[PDB]
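To start, the structure under review is shown below, and the notes come after it.
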Amino acid sequence: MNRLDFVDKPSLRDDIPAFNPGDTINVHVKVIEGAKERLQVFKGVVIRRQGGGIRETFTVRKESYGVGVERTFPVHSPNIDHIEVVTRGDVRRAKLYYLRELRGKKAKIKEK
Amino acid sequence: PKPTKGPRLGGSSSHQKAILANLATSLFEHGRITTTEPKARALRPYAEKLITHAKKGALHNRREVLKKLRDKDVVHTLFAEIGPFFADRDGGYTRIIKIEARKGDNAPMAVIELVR
Amino acid sequence: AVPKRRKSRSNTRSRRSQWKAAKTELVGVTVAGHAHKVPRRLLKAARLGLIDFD
Amino acid sequence: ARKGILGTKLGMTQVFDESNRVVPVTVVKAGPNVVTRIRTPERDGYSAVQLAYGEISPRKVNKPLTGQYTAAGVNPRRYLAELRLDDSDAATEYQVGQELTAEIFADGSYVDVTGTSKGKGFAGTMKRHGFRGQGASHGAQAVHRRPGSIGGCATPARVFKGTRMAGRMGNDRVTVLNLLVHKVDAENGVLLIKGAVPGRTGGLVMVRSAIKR
Amino acid sequence: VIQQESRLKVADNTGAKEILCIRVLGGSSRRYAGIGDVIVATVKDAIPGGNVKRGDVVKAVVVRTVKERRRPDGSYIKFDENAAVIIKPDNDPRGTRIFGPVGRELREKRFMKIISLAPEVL
RNA sequence: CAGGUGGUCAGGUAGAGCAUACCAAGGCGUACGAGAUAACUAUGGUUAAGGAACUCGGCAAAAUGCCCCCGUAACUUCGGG
RNA sequence: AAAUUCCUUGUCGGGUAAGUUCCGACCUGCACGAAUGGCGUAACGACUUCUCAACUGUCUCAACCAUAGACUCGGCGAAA
RNA sequence: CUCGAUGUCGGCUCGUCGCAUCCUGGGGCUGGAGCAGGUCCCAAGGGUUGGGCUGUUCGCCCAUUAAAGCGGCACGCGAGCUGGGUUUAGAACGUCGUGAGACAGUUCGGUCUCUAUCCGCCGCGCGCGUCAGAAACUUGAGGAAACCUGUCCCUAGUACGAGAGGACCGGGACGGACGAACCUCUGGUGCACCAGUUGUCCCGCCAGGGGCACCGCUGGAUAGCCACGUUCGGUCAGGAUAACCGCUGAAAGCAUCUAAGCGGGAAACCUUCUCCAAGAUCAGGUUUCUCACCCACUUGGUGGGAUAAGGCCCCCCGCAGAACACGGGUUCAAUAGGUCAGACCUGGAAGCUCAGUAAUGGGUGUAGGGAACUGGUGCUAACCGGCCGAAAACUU
Ligand SMILES: [Mg+2]
Ligand SMILES: [Mg+2]
Ligand SMILES: [Mg+2]
Ligand SMILES: [Mg+2]
Ligand SMILES: [Mg+2]
Ligand SMILES: [Mg+2]
Ligand SMILES: [Mg+2]
Ligand SMILES: [Mg+2]
Ligand SMILES: [Mg+2]
Ligand SMILES: [Mg+2]
Ligand SMILES: [Mg+2]
Ligand SMILES: [Mg+2]
Ligand SMILES: [Mg+2]
Ligand SMILES: [Mg+2]
Ligand SMILES: [Mg+2]
Ligand SMILES: [Mg+2]
Ligand SMILES: [Mg+2]
Ligand SMILES: [Mg+2]
Ligand SMILES: [Mg+2]
Ligand SMILES: [Mg+2]
Ligand SMILES: [Mg+2]
Ligand SMILES: [Mg+2]
Ligand SMILES: [Mg+2]
Ligand SMILES: [Mg+2]
Ligand SMILES: [Mg+2]
Ligand SMILES: [Mg+2]
Ligand SMILES: [Mg+2]
Ligand SMILES: [Mg+2]
Ligand SMILES: [Mg+2]
Ligand SMILES: [Mg+2]
Ligand SMILES: [Mg+2]
Ligand SMILES: [Mg+2]
Ligand SMILES: [Mg+2]
Ligand SMILES: [Mg+2]
Ligand SMILES: [Mg+2]
Ligand SMILES: [Mg+2]
Ligand SMILES: [Mg+2]
Ligand SMILES: [Mg+2]
Ligand SMILES: [Mg+2]
Ligand SMILES: [Mg+2]
Ligand SMILES: [Mg+2]
Ligand SMILES: [Mg+2]
Ligand SMILES: [Mg+2]
Ligand SMILES: [Mg+2]
Ligand SMILES: [Mg+2]
Ligand SMILES: [Mg+2]
Ligand SMILES: [Mg+2]
Ligand SMILES: [Mg+2]
Ligand SMILES: [Mg+2]
Ligand SMILES: [Mg+2]
Ligand SMILES: [Mg+2]
Ligand SMILES: [Mg+2]
Ligand SMILES: [Mg+2]
Ligand SMILES: [Mg+2]
Ligand SMILES: [Mg+2]
Ligand SMILES: [Mg+2]
Ligand SMILES: [Mg+2]
Ligand SMILES: [Mg+2]
Ligand SMILES: [Mg+2]
Ligand SMILES: [Mg+2]
Ligand SMILES: [Mg+2]
Ligand SMILES: [Mg+2]
Ligand SMILES: [Mg+2]
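Written out as structure tokens, the structure reads:
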């Protein structure tokens, strides 16, 4: 419990799945290209959680066209439509920053 | 516990682990220790967290006390005598009483002891 | 830096009078039927025989 | 018509508005208040209204200050401060004993928040005024964080008054201007104020309506 | 964030492989260039037989930054290299196609041609 | 008195070693202390993004570092490099 | 145009986005020159000088942590 | 003036001031169509960038900018730093000298000492005053800080113009730099946190652990402190003027902004906004509390003693802090510790068992361990207490 939990309670979102670092994740982001309101899919390895309730973030990392991209979304953010877990992961760390220096077959997270 | 704000006892940060280990070995052995007052204030949350592992009594608690104390004779008297004596007291196993300061450096002194 | 001129008798006494010991407060203790005086911060150890009254 | 309230800072959190942007708010418990005294111009020389705030035990308040509440018919509070009004039409809407709550502010209004800044101790010149210091190498002997020169030469043979130097810092009355009110929660007595509010988490905070708008 | 002397990677087929920042345009004494900021730069490496040569002073807009950028929704974007696109003086790239992903901060800075030639706009 | 002073003996485990790290035999805690999150100085430690833009000058720091096996240029006094 | 060149940052080429320093040349050598040696030279340098790769709190621009002082209490107690 | 010593260029650091004004603000004239200018007057509030060369000042150059102002202050500033140059001793080249040696000719190397007494300055206290002793809230005499500006769109391709070109005035959006506050986010740090691991010694041994090797190294890391992060600020409206523009109007039957009288007029000045402030000795204002005794003497606006209101000291502490001060607490108590439960960090404990020849892997188990943040709980210490502290009158 915290002092500021009666403020965050109406702003939380139910139905966000359980995912840990190492889990391959699709993220459906609301995108405004002018006045269109489309939906863009971001597929990558979740590498980080930094908790706290309404202030909790997570970081996904993909390899786009020979160039690595990271995105640090907040959980409970209304610009994420829904998260859908693709592949569970079996890692030993909890922050997984060693993936920022490996490319190719050496950056393959296990399948458990 | 709460870390020491400001400079540590005895100079380095590694001497303070050995001082609070030696002062806890001597407190649980005799029952009453005369020392300087800033060391008695620093011993009081450290030594009461070892008595909490005595009240639980399992094997995992004995390995956790042996991470700090190296004297096995005082580990035995902590789990067979000190532990079950505080079996019905919810915390607060120690007491600090202030003594006259000492000649030579005017260091303020206090005694730290178990309750009964 | 050195002192340029020696301080006169009115400036070396106005400073030196401010170097002085502060007195402590004393309270009453009757242990073993003999009344003594200790500071209040040592009032517990007077009632436990930890204070040597010389 | 400058409204005001006394309150306690409760910390910071973030919230999301209708345009799906993130807004850093600072929770301020604009607690229940009471008047206890009205400064009229013909009696006191100016126009203001006292505001009493905070729960306190009735034994912790001494007899000179207890009797100032007995003349107003109010139980003793902890804090006590004045809201400065304009020089005319003093108290047509403030009475002695009136309960002021947090919903005198509307959603989307602006506030000016004044409190006491956190203390930084005896701070040097690179922290207090933002100097540069000499270099970290290339021969610089023992002057890596020192202020340098502080004056001229034989003309003028004095350091000017107002020369920026080292000393204590913090514990200053600091007013932050034009803060947006995101949400007033009348059920909890809480203003969600966008931005930063000066003070430690629990200090006294005067929330007044803005004049610059 | 890019200041002076920062060597960037070049993300089109003009012939330059590596530029070097001179100024950060858009104000006096501006220090940092983010995604979408125009750099006056100099070419320090070129592919042989290219359109541009070594030692040419050209303009370029930054399309990737290793340092994070706070978008107004709470999210961040972070790349593993710094990248620019050499441009004409009417905000159009000198090359004909763009390599690698670019940021969405190019969209509100009226760089409409580099988006439509990019493989993936994030 | 943080300086100087020739020769002899010289253990263990890792190591090429009289280096280095931890230990034996054997010594020693070396003679002002107790406290306390000030600035500043000193000796160390780490650092986002950039990477000599610092500056008289890459000063200082950082970096490279070991064993085995492939590989090695201009020039030359034919050894070298 | 030099460990020698005053005029001088001579002029021309190279390197840098920008080069009074550096390298290659010209010769108008204030005032080079053959054992007070001339012009070269592989190896070598805690030498002087210029460029580059790598790496870096040197810098943009500073932040934080530990320790020895500074600071506080007790003892002793100087100096210009 | 200084030889019984006034340390000299340039740079760094910190400034402060003048206006002979570089930018922004206000105007007259123009060989001023517009856009841009030339020139003169008024104006010092703020701003006036980063690199290449050189010891440089200066200067040329590069890329910008609204602009890259000129000067004083021992050519400001070495008891604040640097030490490349000049200006000791070494050495060399050119030149001069028969020679020792010489050169506003060149080149390489070449110790920068000091514990702040007084004034000045930046902070914080102790004492007394403020005609009784106290406590809370205050007015503001007078001071401080801050003061910068760009691009685009609309007005409008309108006014102007042969065309090319292209507005004044009003309105709106978004930035650069700069300053303050804060720690939600991103990011840095982390010396009593968690985990992996190397050498070695120890805990009798295996298992499990610890001491030491920069915190041994390495991957993380909540709090606190931070900026590279977040939020806000320099606004709007008034008053009195500069240059300049006027109206009414003579001396001077005309005319003239002026001699009587009255207007317009800018980032300057004064209010407005933020902050300090009654040691403002003219020591202020509105309120509330105590509103009371005893003794001696040379009977005094005399000395003491003892108290009320009240505060201080000691005690438990703090995100308050050099000491001191300030803020919270003292059993009618949640103030620090312990303890119990959350949050958060780490990432799957030990023991047992199962699979494998083994290193190791699965299960029991979102495990175990753990600090700062939040709430509960009367367990430990906040004590069985000392020291200060309240009034002559009189005149209208
Ligand atoms: Mg977590
Ligand atoms: Mg700490
Ligand atoms: Mg010490
Ligand atoms: Mg250690
Ligand atoms: Mg502090
Ligand atoms: Mg610096
Ligand atoms: Mg020194
Ligand atoms: Mg130093
Ligand atoms: Mg000796
Ligand atoms: Mg010798
Ligand atoms: Mg050996
Ligand atoms: Mg050795
Ligand atoms: Mg050893
Ligand atoms: Mg000795
Ligand atoms: Mg320190
Ligand atoms: Mg770094
Ligand atoms: Mg890095
Ligand atoms: Mg690099
Ligand atoms: Mg380089
Ligand atoms: Mg500098
Ligand atoms: Mg420079
Ligand atoms: Mg340079
Ligand atoms: Mg070196
Ligand atoms: Mg090194
Ligand atoms: Mg060679
Ligand atoms: Mg030349
Ligand atoms: Mg040459
Ligand atoms: Mg001859
Ligand atoms: Mg000869
Ligand atoms: Mg020779
Ligand atoms: Mg040699
Ligand atoms: Mg002393
Ligand atoms: Mg003299
Ligand atoms: Mg003009
Ligand atoms: Mg003028
Ligand atoms: Mg100026
Ligand atoms: Mg002004
Ligand atoms: Mg260079
Ligand atoms: Mg000046
Ligand atoms: Mg000078
Ligand atoms: Mg000067
Ligand atoms: Mg100097
Ligand atoms: Mg001087
Ligand atoms: Mg001769
Ligand atoms: Mg000479
Ligand atoms: Mg020299
Ligand atoms: Mg030296
Ligand atoms: Mg005033
Ligand atoms: Mg600040
Ligand atoms: Mg936090
Ligand atoms: Mg972070
Ligand atoms: Mg541990
Ligand atoms: Mg073992
Ligand atoms: Mg050992
Ligand atoms: Mg943090
Ligand atoms: Mg005006
Ligand atoms: Mg005030
Ligand atoms: Mg005055
Ligand atoms: Mg008063
Ligand atoms: Mg107190
Ligand atoms: Mg817990
Ligand atoms: Mg397992
Ligand atoms: Mg088996």
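Protein chains in written order, with the entry's author numbering: chain P, 1 to 112; chain N, 2 to 117; chain 0, 2 to 55; chain D, 2 to 214; chain K, 1 to 122. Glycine residues also receive a C-beta, built at the ideal position from the N, C-alpha and C atoms.
State buried or exposed for residue i, treating a residue as buried only when at least 16 other CB atoms are found within 10 Å of its CB.
| i | result |
| --- | --- |
| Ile47 (chain K) | exposed |
| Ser29 (chain K) | exposed |
| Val114 (chain D) | buried |
| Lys62 (chain P) | buried |
| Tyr97 (chain P) | exposed |
| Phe54 (chain 0) | exposed |
| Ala111 (chain N) | buried |
| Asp73 (chain K) | buried |
| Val38 (chain K) | buried |
| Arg22 (chain D) | exposed |
| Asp15 (chain P) | exposed |
| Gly15 (chain K) | buried |
Assuming contact is defined by CB atoms lying nearer than 9 Å, are residue i and residue j in contact in what I supplied?
| i | j | result |
| --- | --- | --- |
| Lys67 (chain K) | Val40 (chain K) | no |
| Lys78 (chain K) | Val69 (chain P) | yes |
| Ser210 (chain D) | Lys30 (chain D) | no |
| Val121 (chain K) | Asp12 (chain K) | no |
| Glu18 (chain K) | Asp45 (chain K) | yes |
| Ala91 (chain D) | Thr41 (chain D) | yes |
| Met166 (chain D) | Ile151 (chain D) | yes |
| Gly134 (chain D) | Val144 (chain D) | yes |
| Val52 (chain K) | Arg94 (chain K) | yes |
| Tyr95 (chain D) | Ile39 (chain D) | yes |
Given that residue i touches chain 0, what residues does it touch there, using C-beta distances under 8 Å?
| i | result |
| --- | --- |
| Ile98 (chain N) | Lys45, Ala46, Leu49, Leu51 |
| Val112 (chain N) | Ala46, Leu51 |
Which residues in chain P sit within 7 Å of residue i, going by Cβ to Cβ distance?
| i | result |
| --- | --- |
| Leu122 (chain K) | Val69 |
State the beta-bridge partners of residue i as determined by DSSP.
| i | result |
| --- | --- |
| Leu180 (chain D) | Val112 (chain D) |
| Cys21 (chain K) | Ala41 (chain K) |
| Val29 (chain D) | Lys10 (chain D), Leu192 (chain D) |
| residue 121 (chain P) | Shown here, chain P extends from 1 to 112; a query on residue 121 (chain P) therefore has no answer. |
| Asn34 (chain D) | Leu101 (chain D) |
| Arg9 (chain N) | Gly12 (chain N) |
| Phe19 (chain P) | The partner list for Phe19 (chain P) (beta bridge, DSSP) is empty, contrary to what the question assumes. |
Closer than 7 Å by beta-carbon distance: list the chain N residues that pair up with residue i, in chain order.
| i | result |
| --- | --- |
| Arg41 (chain 0) | Neighbours of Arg41 (chain 0) on chain N: none; closest Cβ ~10 Å, over 7 Å. |
What does residue i reach in chain K if we use C-beta pairs closer than 7 Å?
| i | result |
| --- | --- |
| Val23 (chain D) | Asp73, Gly74 |
Roughly how far, in whole angstroms, is the beta-carbon of residue i from the beta-carbon of residue j, given that I think they are within contact range, below 8 Å?
| i | j | result |
| --- | --- | --- |
| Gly34 (chain K) | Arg69 (chain K) | 6 Å |
| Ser118 (chain D) | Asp87 (chain D) | Contact flag wrong, Cβ pair sits at about 28 Å. |
Against residue i, what residues of chain P qualify as contacts under a CB-to-CB distance less than 9 Å, listed in chain order?
| i | result |
| --- | --- |
| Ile77 (chain K) | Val69, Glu70, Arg71, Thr72 |
Since residue i meets chain P, which of its residues come closer than 8 Å, beta carbon to beta carbon?
| i | result |
| --- | --- |
| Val16 (chain D) | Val7, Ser11, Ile54 |
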